[PDB]
Amino acid sequence: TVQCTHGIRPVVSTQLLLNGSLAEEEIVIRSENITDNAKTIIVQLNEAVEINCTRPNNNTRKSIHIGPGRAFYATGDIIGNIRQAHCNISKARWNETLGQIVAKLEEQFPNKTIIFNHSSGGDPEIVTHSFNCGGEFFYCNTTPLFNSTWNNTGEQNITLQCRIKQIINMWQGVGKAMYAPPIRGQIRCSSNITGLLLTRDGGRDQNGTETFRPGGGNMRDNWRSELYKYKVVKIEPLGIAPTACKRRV
Amino acid sequence: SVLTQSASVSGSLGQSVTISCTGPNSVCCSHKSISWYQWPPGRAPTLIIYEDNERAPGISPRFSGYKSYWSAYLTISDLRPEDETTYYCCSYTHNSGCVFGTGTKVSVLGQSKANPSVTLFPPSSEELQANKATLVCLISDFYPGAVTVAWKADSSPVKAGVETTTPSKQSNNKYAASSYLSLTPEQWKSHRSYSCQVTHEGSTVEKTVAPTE
Amino acid sequence: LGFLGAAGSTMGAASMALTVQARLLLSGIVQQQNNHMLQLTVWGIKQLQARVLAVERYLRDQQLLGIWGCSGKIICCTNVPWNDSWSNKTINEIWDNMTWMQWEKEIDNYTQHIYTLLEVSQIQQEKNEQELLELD
Amino acid sequence: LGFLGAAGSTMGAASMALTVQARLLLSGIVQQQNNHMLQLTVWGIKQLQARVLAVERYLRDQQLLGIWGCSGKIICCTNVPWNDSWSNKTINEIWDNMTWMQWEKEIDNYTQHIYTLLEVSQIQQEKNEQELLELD
Amino acid sequence: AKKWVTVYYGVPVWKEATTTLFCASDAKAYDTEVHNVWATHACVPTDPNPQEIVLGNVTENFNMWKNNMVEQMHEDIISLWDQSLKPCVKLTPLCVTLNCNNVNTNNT
Amino acid sequence: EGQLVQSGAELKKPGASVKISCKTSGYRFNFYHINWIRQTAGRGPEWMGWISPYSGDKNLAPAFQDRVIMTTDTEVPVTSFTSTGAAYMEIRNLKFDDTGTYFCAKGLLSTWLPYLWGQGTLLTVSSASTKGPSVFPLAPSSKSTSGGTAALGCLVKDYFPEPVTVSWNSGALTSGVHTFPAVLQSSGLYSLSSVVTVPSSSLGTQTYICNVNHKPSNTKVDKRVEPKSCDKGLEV
Ligand SMILES: *[C@@H]1O[C@H](CO)[C@@H](O[C@@H]2O[C@H](CO)[C@@H](O[C@@H]3O[C@H](CO[C@H]4O[C@H](CO[C@H]5O[C@H](CO)[C@@H](O)[C@H](O)[C@@H]5O)[C@@H](O)[C@H](O)[C@@H]4O)[C@@H](O)[C@H](O[C@H]4O[C@H](CO)[C@@H](O)[C@H](O)[C@@H]4O)[C@@H]3O)[C@H](O)[C@H]2NC(C)=O)[C@H](O)[C@H]1NC(C)=O
Ligand SMILES: *[C@@H]1O[C@H](CO)[C@@H](O[C@@H]2O[C@H](CO)[C@@H](O[C@@H]3O[C@H](CO)[C@@H](O)[C@H](O[C@H]4O[C@H](CO)[C@@H](O)[C@H](O)[C@@H]4O)[C@@H]3O)[C@H](O)[C@H]2NC(C)=O)[C@H](O)[C@H]1NC(C)=O
Ligand SMILES: *[C@@H]1O[C@H](CO)[C@@H](O[C@@H]2O[C@H](CO)[C@@H](O[C@@H]3O[C@H](CO)[C@@H](O)[C@H](O)[C@@H]3O)[C@H](O)[C@H]2NC(C)=O)[C@H](O)[C@H]1NC(C)=O
Ligand SMILES: *[C@@H]1O[C@H](CO)[C@@H](O[C@@H]2O[C@H](CO)[C@@H](O[C@@H]3O[C@H](CO)[C@@H](O)[C@H](O)[C@@H]3O)[C@H](O)[C@H]2NC(C)=O)[C@H](O)[C@H]1NC(C)=O
Ligand SMILES: *[C@@H]1O[C@H](CO)[C@@H](O[C@@H]2O[C@H](CO)[C@@H](O[C@@H]3O[C@H](CO)[C@@H](O)[C@H](O)[C@@H]3O)[C@H](O)[C@H]2NC(C)=O)[C@H](O)[C@H]1NC(C)=O
Ligand SMILES: *[C@@H]1O[C@H](CO)[C@@H](O[C@@H]2O[C@H](CO)[C@@H](O[C@@H]3O[C@H](CO)[C@@H](O)[C@H](O)[C@@H]3O)[C@H](O)[C@H]2NC(C)=O)[C@H](O)[C@H]1NC(C)=O
Ligand SMILES: *[C@@H]1O[C@H](CO)[C@@H](O[C@@H]2O[C@H](CO)[C@@H](O[C@@H]3O[C@H](CO)[C@@H](O)[C@H](O)[C@@H]3O)[C@H](O)[C@H]2NC(C)=O)[C@H](O)[C@H]1NC(C)=O
Ligand SMILES: *[C@@H]1O[C@H](CO)[C@@H](O[C@@H]2O[C@H](CO)[C@@H](O[C@@H]3O[C@H](CO)[C@@H](O)[C@H](O)[C@@H]3O)[C@H](O)[C@H]2NC(C)=O)[C@H](O)[C@H]1NC(C)=O
Ligand SMILES: *[C@@H]1O[C@H](CO)[C@@H](O[C@@H]2O[C@H](CO)[C@@H](O[C@@H]3O[C@H](CO)[C@@H](O)[C@H](O)[C@@H]3O)[C@H](O)[C@H]2NC(C)=O)[C@H](O)[C@H]1NC(C)=O
Ligand SMILES: *[C@@H]1O[C@H](CO)[C@@H](O[C@@H]2O[C@H](CO)[C@@H](O)[C@H](O)[C@H]2NC(C)=O)[C@H](O)[C@H]1NC(C)=O
Ligand SMILES: *[C@@H]1O[C@H](CO)[C@@H](O)[C@H](O)[C@H]1NC(C)=O
Ligand SMILES: *[C@@H]1O[C@H](CO)[C@@H](O)[C@H](O)[C@H]1NC(C)=O
Ligand SMILES: *[C@@H]1O[C@H](CO)[C@@H](O)[C@H](O)[C@H]1NC(C)=O
Ligand SMILES: *[C@@H]1O[C@H](CO)[C@@H](O)[C@H](O)[C@H]1NC(C)=O
């Protein structure tokens with residue numbers, strides 16, 4: 001019984017989870033729904049998988065005034081060679097984390113049935129690992145991950161197709177749209193992997209093919225790996241119980 | 001067993017009955033809380049008293065308790081047919097394990113002379129095929145629990161073909177007993193007129209079945 | 001014994017410590033300091049709306065104790081007999097067995113009819129008898 | 001007997017049932033569930049401002065009963081004598097004739113002077129005498 | 001044996017329900033960064049001593065997917081996202097005609 | 001009222017280690033204590049020991065200390081109150097005095113005492129070998145043809161050791177069936193039978209098949225009531 005919850009950080013990302021609860025000794029499978037492939041499945045990690053995120057695009061400050069007073073700040077000039085954002089990740093550490101993911105799905109789902117593929121369809125923000133880092137929004141690729149097909153159960157250079165975007169009306173803002181301002185100079189990460197979001201394999205009857213990929217398109221499920229351990233209750237202090245005693249004059 | 005019961009108590013239907021349980025001055029009924037149990041041998045026992053005067057929830061207010069300076073007792077006002085069985089007492093504390101009694105046998109009299117559904121089974125084409133000569137007798141609800149088994153191999157004194165059992169308490173709270181015949185076809189073929197004699201005060205409509213037809 | 005630190009324990013041990021369950025119930029670890037220059041933000045609105053629901057749950061039961069002569073203390077008995085039809089279990093039995101947890105799920109039904117009867121025998125009859133009995 | 005269901009009836013029959021007038025006074029048929037995605041609408045502001053005025057009318061009189069030793073019950077007498085100059089009618093007479101309705105319009109005037117005197121004889125004198133009288 | 005009604009206050013019994021919650025945050029940068037989008041200038045502060053009381057003999061059924069706290073966090077962030085940047089520069093007249101070429105080098 | 005599931009028909013030779021189990025269902029197994037008791041052939045029930053499933057507290061008799069060692073597992077919650085658990089009992093260096101019925105009991109809250117018991121586990125501590133029941137069907141009874149009702153059943157000749165569960169058409173025919181008291185013979189072997197009173201005016205279009213089961217000798221022998229009548233009852 002707590003009156004104050006865990007240090008939950010408001011996660012602003014799709015595909016991968018950045019902060020929060022890491023329940024130890026096994027990877028926890030959050031099941032909203034599992035028998036029917038169609039519904040989303042969140043998975044809590046046992047041990048954190050550190051992820052670097054940089055942007056060696058060095059930009060100056062350009063201010064143009066729109067009418068009276070109002071100041072608009074945009075990307076100035078890029079100093080140096082033309083290059084991608086560059087997130088980076090480990091090769092073996094991830095493989096080790098995936099090791100228990102494929103082993104747990106053999107227990108949850110039937111036998112060793114065919115189960116691999118990449119993010120299906122979608123717009124940039126939906127199918128890519130869209131996340132805020134240092135200010136700007138990074139749109140790195142989820143293709144080198146699902147490249148491994150396996151049945152029976154400083155560091156290395158692993159990166160994804162990194163792309164930047166400034167026009168961002170996140171969670172589909174049909175009223176007020178937001179323009180992300182560029183960040184002058186240095187771009188650092190000091191972030192984490194605290195989980196992931198998966199999807200279905202259509203509506204195949206029986207079979208031996210049930211290829212799973214990342215198709216989780218919800219922001220609510222992102223905090224379901226944080227508020228999984230919470231449930232609010234109303235306290236009833238008034239209680240009526242009979243016993244051998246009474247009042248007099 | 002140190003904690004002793006009245007061993008044999010007799011009562012009548014619709015009448016009050018009391019069982020005197022007494023123990024030594026070591027496991028005396030003065031400081032220790034006493035409990036009673038309705039335990040039919042073979043069946044599941046039922047908790048009657050859970051704390052001296054207090055009865056277990058669901059148990060009739062007919063049952064009551066009393067505790068003296070060393071001995072404890074149980075009073076059953078208005079007796080019912082389900083009551084005739086062996087009872088057990090218990091001495092205990094909130095520090096130690098249970099102490100069990102010797103056991104008292106209760107016979108609830110007043111019941112009508114229940115006529116039994118007596119049946120004599122002759123050996124079939126399968127019983128005789130396996131070279132086994134047997135003749136059994138069933139008895140169901142025959143209150144009182146008294147039994148008289150008598151076999152008649154051509155109405156001669158039977159010595160070897162005698163097999164009696166213990167009359168157990170039946171579902172209707174009456175009695176049920178068993179009678180068997182263990183003989184080879186050689187001693188079986190020397191006698192043919194097999195008469196069944198069960199002595200219970202009453203009529204003479206006994207089922208006399210021949211093993212050979 | 002801790003906030004709700006007796007809920008697990010049986011009714012007898014729950015009635016033993018029930019003051020802490022009312023102590024940390026209002027201004028405990030939720031009150032705090034309650035500290036662009038404006039306080040009309042999303043956190044300001046959420047804290048004051050929750051404050052209204054906070055007193056509402058206390059005052060509902062606080063008014064009842066006030067109209068039962070039980071306002072002066074945590075545990076106070078009444079001059080109301082228990083209709084056996086409501087509950088058939090022994091007084092001492094639920095106190096070391098059933099626990100307040102399941103017990104609330106048993107009374108909740110006749111709880112409003114119980115509150116209706118608690119008002120008259122202890123206050124609408126007892127305190128109304130005083131009008132004539134006070135001076136004699 | 002119903003919310004204000006004794007206002008019509010004489011003081012004697014009004015004092016007979018006055019608990020319901022305080023029961024449905026707070027959380028009765030006005031409390032409710034209290035259930036674009038925002039609650040800052042015209043109905044949200046109106047309900048919370050009314051909630052402040054709701055407790056204000058209760059607490060004003062609730063504080064008075066608390067400082068009179070009458071907090072524990074609905075009806076409790078005091079050690080304050082009645083100055084004949086305020087009202088000259090017989091005790092039994094207003095109870096079956098005048099009714100609480102007209103009676104409030106009679107006292108309302110000296111009501112503040114009555115409240116001033118009610119504080120001292122019953123609490124500032126009676127409860128202050130206890131300091132020395134409690135241990136003897 | 002003469003059963004009489006006894007009133008008890010402060011009974012440790014709960015009923016499954018959802019209410020309006022609020023913030024709990026510790027002092028971050030304090031001097032340099034004073035207001036970040038979520039915490040803002042005035043956030044409800046947190047206590048260094050939380051109620052860690054564990055209830056033995058309690059096997060309450062938790063609802064992971066049907067939790068109503070999740071929906072509260074969903075509405076709070078978006079409403080704050082719309083609020084944030086409201087007093088800032090509107091880029092409504094900025095959107096105009098756009099004519100261009102590519103870089104000084106052909107994609108290298 | 002809670003129902004207990006007592007695992008039965010387990011027994012072995014003297015000196016050997018006996019393992020008796022019991023599954024708890026439809027109640028809070030955690031705060032409810034567990035009591036174990038046995039009864040000898042001399043009608044003297046010996047209280048074995050008391051065990052707690054929430055805390056490591058135990059109270060055991062001196063005659064059952066080095067020989068008897070008990071164990072318990074964690075509760076499996078079904079609802080906010082109901083749970084499922086199990087208790088195991090290990091006895092070493094057994095004698096013929098240890099032969100009798102062993103029972104498992106559910107606790108009360110003066111709490112140490114029980115409240116509800118199981119079915120029963122008849123333990124036979126004997127050095128003699130196991131014998132399989134000789135199932136034989138019985139010919140029609142010596143009753144009547146008036147209406148149809150007349151007795152018909154089966155007979156179990158010899159086996160060793162009890163208990164033996166016998167039903168009709170695998171848990172279908174339970175009413176109007178009497179279980180005969182199974183008692184030991186001169187050779188030291190148990191014997192039983194079963195009698196069913198069904199409306200049989202003439203043998204035809206009816207179920208006569210039964211079910212016989214055992215644990216140390218696993219039995220399958222099921223024989224139906226004899227059509228070739230050897231009695232006058234099902235004639236006139
Ligand atoms: C789970 O939640 C945590 C929340 O704590 C997420 O934390 C991430 O942490 C990193 C690493 O710190 C953030 O990036 C930087 O944080 C710096 C902290 O700076 C403080 O001290 C400064 C002293 O300045 C000198 O050192 C800093 C070292 O970075 C140099 O950058 C600087 O040039 C100087 O040499 C103070 O001046 C400063 O204000 C702080 O008190 C920040 O310095 C740095 O911010 C730069 O830009 C800021 C924009 O306002 C500006 O105010 C600063 O002055 C500075 O120039 C930068 O933010 C990550 O941003 C942060 N977030 C994320 C999402 O990664 C954690 O990541 C999160 N996620 C998980 C686990 O997945
Ligand atoms: C996760 O969600 C699933 C939702 O599918 C839920 O399990 C479902 O339960 C229903 C119970 O009615 C199952 O329904 C039947 O399953 C049988 C066996 O395969 C089918 O033969 C049935 O066919 C029906 O529907 C057809 C399509 O319209 C019709 O043509 C036909 O006439 C029948 O009406 C029917 O599908 C359903 O299969 C499951 N889902 C499964 C097994 O995948 C599950 O409980 C949730 N799990 C949790 C708690 O995580
Ligand atoms: C992640 O990648 C690594 C390789 O980079 C895979 O590691 C290797 O996994 C295999 C089989 O799962 C291990 O094989 C075993 O080696 C032991 C060594 O004694 C041997 O006794 C066994 O018979 C078996 O051959 C291997 O040691 C391990 N190490 C290597 C080669 O790097 C890992 O399996 C990948 N992740 C997966 C598929 O889960
Ligand atoms: C997972 O990755 C694999 C990578 O190769 C994709 O495989 C194949 O993709 C092709 C082109 O879309 C599919 O072609 C189609 O074949 C059907 C067969 O009848 C035909 O009718 C269509 O017109 C088209 O030619 C091919 O089936 C597909 N193979 C499969 C089933 O794996 C695969 O599609 C990826 N899965 C997804 C979509 O996530
Ligand atoms: C991402 O997850 C990792 C888990 O490995 C977090 O690592 C831990 O970060 C904390 C600081 O937030 C470290 O604390 C300090 O460690 C130093 C070195 O010994 C010590 O001297 C200080 O007293 C302090 O305890 C902690 O060691 C570190 N754990 C390790 C060894 O990895 C990381 O913080 C997460 N990133 C976040 C919060 O964004
Ligand atoms: C209030 O007390 C009464 C009277 O004792 C309860 O009513 C009925 O009480 C009898 C007690 O003999 C219950 O019979 C029970 O039958 C079960 C199943 O056959 C058996 O295992 C018990 O030993 C007992 O013989 C009967 O079910 C019960 N009737 C009902 C449906 O209420 C009464 O239930 C008590 N309290 C309540 C919940 O109202
Ligand atoms: C009032 O006393 C009753 C007496 O048992 C308590 O339970 C009653 O239980 C029945 C059967 O469970 C309820 O029926 C309900 O049907 C709905 C249909 O959607 C189903 O969702 C429920 O699970 C349940 O089966 C019945 O409503 C319920 N109440 C009454 C008044 O009969 C009940 O807890 C006591 N307390 C309260 C708060 O009324
Ligand atoms: C308090 O009691 C006093 C004294 O009894 C009331 O003062 C005066 O009382 C006399 C009673 O004889 C009133 O005289 C009345 O005159 C009318 C009209 O002529 C007549 O119909 C009555 O039979 C009676 O004789 C007198 O009016 C009254 N004076 C005033 C103006 O107050 C006193 O009014 C009582 N209470 C109050 C309201 O202060
Ligand atoms: C206080 O005691 C008086 C004694 O009668 C109660 O009534 C008083 O009545 C006179 C005459 O009706 C009031 O004069 C007023 O003049 C205004 C001028 O606008 C007119 O609008 C009124 O209709 C009335 O004629 C006088 O104010 C009033 N009060 C006092 C203090 O003399 C009065 O009800 C008692 N209670 C209260 C609340 O003061
Ligand atoms: C981007 O690279 C340029 C190239 O060095 C950095 O430019 C220096 O900026 C400092 C700031 O005062 C000047 O004093 C130096 O003279 C600059 N050097 C030259 C020759 O340009 C710049 O700092 C880098 N990025 C940012 C945004 O800090
Ligand atoms: C990831 O990289 C692959 C290989 O170049 C490319 O085909 C794909 O379009 C990229 N993005 C996604 C969303 O997979
Ligand atoms: C990426 O981050 C890890 C964790 O600090 C670090 O050890 C590694 O050196 C970083 N990458 C580089 C630049 O080598
Ligand atoms: C204790 O409460 C449980 C709740 O179901 C009940 O089943 C049990 O019989 C109760 N024991 C007694 C009689 O106190
Ligand atoms: C009752 O009250 C009315 C109010 O005006 C009054 O006129 C009447 O004289 C009163 N009767 C008595 C004396 O109670």
# chains A, B, ... in the order shown; residues from 1 in each chain; ligands from 1
>>> residues_near_ligand(ligand="ligand 12", cutoff="6 Å", atoms="only C-alpha atoms and all ligand atoms", output="ChimeraX atom specification")
/A:52,154-155
>>> residues_near_ligand(ligand="ligand 9", cutoff="12 Å", atoms="only C-alpha atoms and all ligand atoms", output="list in words")
residues 86, 87, 102, 103, 104, 105, 106, 107, 108, 109, 110, 111, 112 and 113 of chain D
>>> residues_near_ligand(ligand="ligand 10", cutoff="10 Å", atoms="only C-alpha atoms and all ligand atoms", output="short mmCIF file (atom, residue, chain, number, x, y, z; two decimals) with N, CA and C atoms, in the first residue's frame")
data_model
loop_
_atom_site.label_atom_id
_atom_site.label_comp_id
_atom_site.auth_asym_id
_atom_site.auth_seq_id
_atom_site.Cartn_x
_atom_site.Cartn_y
_atom_site.Cartn_z
N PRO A 56 25.86 14.23 -35.42
CA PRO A 56 27.05 15.04 -35.75
C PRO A 56 26.80 16.07 -36.86
N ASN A 57 25.59 16.65 -36.85
CA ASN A 57 25.15 17.71 -37.74
C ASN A 57 25.30 19.00 -36.93
N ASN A 58 26.32 19.84 -37.23
CA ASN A 58 26.64 20.93 -36.32
C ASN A 58 25.93 22.17 -36.88
N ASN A 59 24.80 22.79 -36.42
CA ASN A 59 23.90 23.84 -36.89
C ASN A 59 24.03 25.14 -36.11
N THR A 60 24.00 26.27 -36.83
CA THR A 60 24.08 27.63 -36.28
C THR A 60 22.67 28.19 -36.01
N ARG A 61 22.57 29.41 -35.44
CA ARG A 61 21.28 30.02 -35.08
C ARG A 61 20.84 31.15 -36.02
N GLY A 76 20.55 26.87 -39.13
CA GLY A 76 21.46 27.78 -39.81
C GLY A 76 22.28 27.13 -40.90
N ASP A 77 23.53 26.80 -40.58
CA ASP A 77 24.43 26.16 -41.55
C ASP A 77 25.18 25.00 -40.90
N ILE A 78 25.29 23.87 -41.62
CA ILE A 78 25.96 22.68 -41.10
C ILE A 78 27.48 22.76 -41.35
N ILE A 79 28.27 22.80 -40.25
CA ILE A 79 29.74 22.90 -40.27
C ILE A 79 30.39 21.50 -40.29
N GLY A 80 31.04 21.18 -41.40
CA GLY A 80 31.73 19.90 -41.59
C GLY A 80 31.17 19.03 -42.69
N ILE A 183 18.96 22.08 -32.33
CA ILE A 183 19.81 22.20 -31.13
C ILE A 183 21.27 22.46 -31.53
N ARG A 184 21.75 23.69 -31.23
CA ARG A 184 23.09 24.18 -31.54
C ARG A 184 24.22 23.37 -30.89
N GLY A 185 24.93 22.60 -31.71
CA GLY A 185 26.09 21.82 -31.31
C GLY A 185 25.90 20.37 -30.93
N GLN A 186 26.41 20.04 -29.73
CA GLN A 186 26.45 18.72 -29.10
C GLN A 186 25.09 18.03 -28.98
#
>>> closest_atom_pairs(of="chain A", to="ligand 2", cutoff="7 Å", atoms="only C-alpha atoms and all ligand atoms", output="CSV")
residue,atom,partner,partner_atom_place_in_ligand_line,distance
A:31,CA,ligand 2,50 (O),6.1
A:32,CA,ligand 2,50 (O),6.3
A:33,CA,ligand 2,50 (O),4.0
A:34,CA,ligand 2,50 (O),4.3
A:35,CA,ligand 2,1 (C),4.4
A:36,CA,ligand 2,43 (O),4.2
>>> residues_near_ligand(ligand="ligand 6", cutoff="10 Å", atoms="only C-alpha atoms and all ligand atoms", output="PyMOL selection string")
(chain B and resi 46+57-60) or (chain C and resi 84-89+106) or (chain F and resi 1-3)
>>> write_last_selection(atoms="N, CA and C atoms", output="PDB file, in the first residue's frame")
ATOM      1  N   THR B  46     -17.194 -35.058  12.416  1.00  0.00           N
ATOM      2  CA  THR B  46     -17.779 -33.720  12.470  1.00  0.00           C
ATOM      3  C   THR B  46     -17.572 -33.082  13.849  1.00  0.00           C
ATOM      4  N   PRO B  57     -20.564 -23.829  14.177  1.00  0.00           N
ATOM      5  CA  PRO B  57     -21.699 -23.327  13.378  1.00  0.00           C
ATOM      6  C   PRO B  57     -22.320 -24.395  12.479  1.00  0.00           C
ATOM      7  N   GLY B  58     -23.639 -24.527  12.576  1.00  0.00           N
ATOM      8  CA  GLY B  58     -24.412 -25.520  11.840  1.00  0.00           C
ATOM      9  C   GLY B  58     -24.915 -26.646  12.726  1.00  0.00           C
ATOM     10  N   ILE B  59     -24.263 -26.843  13.891  1.00  0.00           N
ATOM     11  CA  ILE B  59     -24.615 -27.870  14.875  1.00  0.00           C
ATOM     12  C   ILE B  59     -25.791 -27.379  15.734  1.00  0.00           C
ATOM     13  N   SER B  60     -26.834 -28.224  15.853  1.00  0.00           N
ATOM     14  CA  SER B  60     -28.090 -28.002  16.580  1.00  0.00           C
ATOM     15  C   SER B  60     -27.907 -27.541  18.041  1.00  0.00           C
TER      16      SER B  60
ATOM     17  N   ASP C  84     -31.026 -11.093  13.743  1.00  0.00           N
ATOM     18  CA  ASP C  84     -30.332 -12.330  13.391  1.00  0.00           C
ATOM     19  C   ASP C  84     -30.378 -12.652  11.899  1.00  0.00           C
ATOM     20  N   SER C  85     -31.453 -12.238  11.190  1.00  0.00           N
ATOM     21  CA  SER C  85     -31.640 -12.435   9.746  1.00  0.00           C
ATOM     22  C   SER C  85     -30.519 -11.839   8.872  1.00  0.00           C
ATOM     23  N   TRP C  86     -29.824 -10.784   9.360  1.00  0.00           N
ATOM     24  CA  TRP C  86     -28.723 -10.138   8.639  1.00  0.00           C
ATOM     25  C   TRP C  86     -27.489 -11.046   8.586  1.00  0.00           C
ATOM     26  N   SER C  87     -26.987 -11.482   9.761  1.00  0.00           N
ATOM     27  CA  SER C  87     -25.829 -12.372   9.883  1.00  0.00           C
ATOM     28  C   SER C  87     -26.084 -13.437  10.949  1.00  0.00           C
ATOM     29  N   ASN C  88     -25.783 -14.693  10.622  1.00  0.00           N
ATOM     30  CA  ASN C  88     -25.955 -15.815  11.554  1.00  0.00           C
ATOM     31  C   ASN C  88     -24.682 -16.376  12.231  1.00  0.00           C
ATOM     32  N   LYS C  89     -23.532 -15.732  12.048  1.00  0.00           N
ATOM     33  CA  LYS C  89     -22.269 -16.212  12.608  1.00  0.00           C
ATOM     34  C   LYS C  89     -21.999 -15.671  14.014  1.00  0.00           C
ATOM     35  N   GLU C 106     -20.344  -8.528   3.313  1.00  0.00           N
ATOM     36  CA  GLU C 106     -21.510  -9.211   3.885  1.00  0.00           C
ATOM     37  C   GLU C 106     -22.602  -8.224   4.318  1.00  0.00           C
TER      38      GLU C 106
ATOM     39  N   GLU F   1     -18.079 -23.817   4.459  1.00  0.00           N
ATOM     40  CA  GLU F   1     -17.806 -25.220   4.165  1.00  0.00           C
ATOM     41  C   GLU F   1     -16.859 -25.373   2.967  1.00  0.00           C
ATOM     42  N   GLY F   2     -15.697 -25.975   3.219  1.00  0.00           N
ATOM     43  CA  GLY F   2     -14.665 -26.221   2.217  1.00  0.00           C
ATOM     44  C   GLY F   2     -14.418 -27.697   1.977  1.00  0.00           C
ATOM     45  N   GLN F   3     -14.145 -28.070   0.712  1.00  0.00           N
ATOM     46  CA  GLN F   3     -13.899 -29.457   0.306  1.00  0.00           C
ATOM     47  C   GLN F   3     -12.402 -29.776   0.181  1.00  0.00           C
TER      48      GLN F   3
END
>>> closest_atom_pairs(of="chain A", to="ligand 11", cutoff="10 Å", atoms="only C-alpha atoms and all ligand atoms", output="tab-separated table")
residue	atom	partner	partner_atom_place_in_ligand_line	distance
A:118	CA	ligand 11	14 (O)	6.8
A:119	CA	ligand 11	13 (C)	6.5
A:120	CA	ligand 11	13 (C)	8.2
A:121	CA	ligand 11	13 (C)	8.2
A:122	CA	ligand 11	13 (C)	8.4
A:123	CA	ligand 11	13 (C)	8.8
A:124	CA	ligand 11	13 (C)	7.3
A:125	CA	ligand 11	13 (C)	9.7
A:126	CA	ligand 11	13 (C)	9.3
A:127	CA	ligand 11	13 (C)	5.9
A:128	CA	ligand 11	13 (C)	5.7
A:129	CA	ligand 11	13 (C)	9.1
A:139	CA	ligand 11	13 (C)	9.1
A:140	CA	ligand 11	11 (N)	8.0
A:141	CA	ligand 11	11 (N)	5.0
A:142	CA	ligand 11	14 (O)	5.9
A:143	CA	ligand 11	14 (O)	4.8
A:144	CA	ligand 11	1 (C)	7.6
A:146	CA	ligand 11	14 (O)	9.9
A:160	CA	ligand 11	1 (C)	7.0
A:161	CA	ligand 11	1 (C)	5.7
A:162	CA	ligand 11	1 (C)	9.2
>>> closest_atom_pairs(of="chain E", to="chain F", cutoff="12 Å", atoms="only C-alpha atoms", output="JSON lines")
{"residue": "E:56", "atom": "CA", "partner": "F:54", "partner_atom": "CA", "distance": 10.0}
{"residue": "E:57", "atom": "CA", "partner": "F:30", "partner_atom": "CA", "distance": 7.4}
{"residue": "E:58", "atom": "CA", "partner": "F:80", "partner_atom": "CA", "distance": 7.0}
{"residue": "E:59", "atom": "CA", "partner": "F:80", "partner_atom": "CA", "distance": 5.0}
{"residue": "E:60", "atom": "CA", "partner": "F:80", "partner_atom": "CA", "distance": 5.0}
{"residue": "E:61", "atom": "CA", "partner": "F:80", "partner_atom": "CA", "distance": 6.4}
{"residue": "E:62", "atom": "CA", "partner": "F:80", "partner_atom": "CA", "distance": 10.1}
>>> interface_residues(of="chain C", to="chain F", cutoff="9 Å", atoms="only C-alpha atoms", output="list in words")
residues 93, 94, 96, 97, 98 and 102 of chain C
>>> interface_residues(of="chain D", to="chain E", cutoff="10 Å", atoms="only C-alpha atoms", output="JSON, numbers by chain")
{"D": [35, 37, 38]}
>>> write_last_selection(atoms="C-alpha atoms", output="PDB file, in the first residue's frame")
ATOM      1  CA  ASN D  35     -18.160  12.216 -13.673  1.00  0.00           C
ATOM      2  CA  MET D  37     -11.002  15.609 -23.287  1.00  0.00           C
ATOM      3  CA  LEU D  38     -11.124  18.153 -20.373  1.00  0.00           C
TER       4      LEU D  38
END
>>> residues_near_ligand(ligand="ligand 5", cutoff="7 Å", atoms="only C-alpha atoms and all ligand atoms", output="list in words")
residues 48, 50, 190, 191 and 192 of chain A
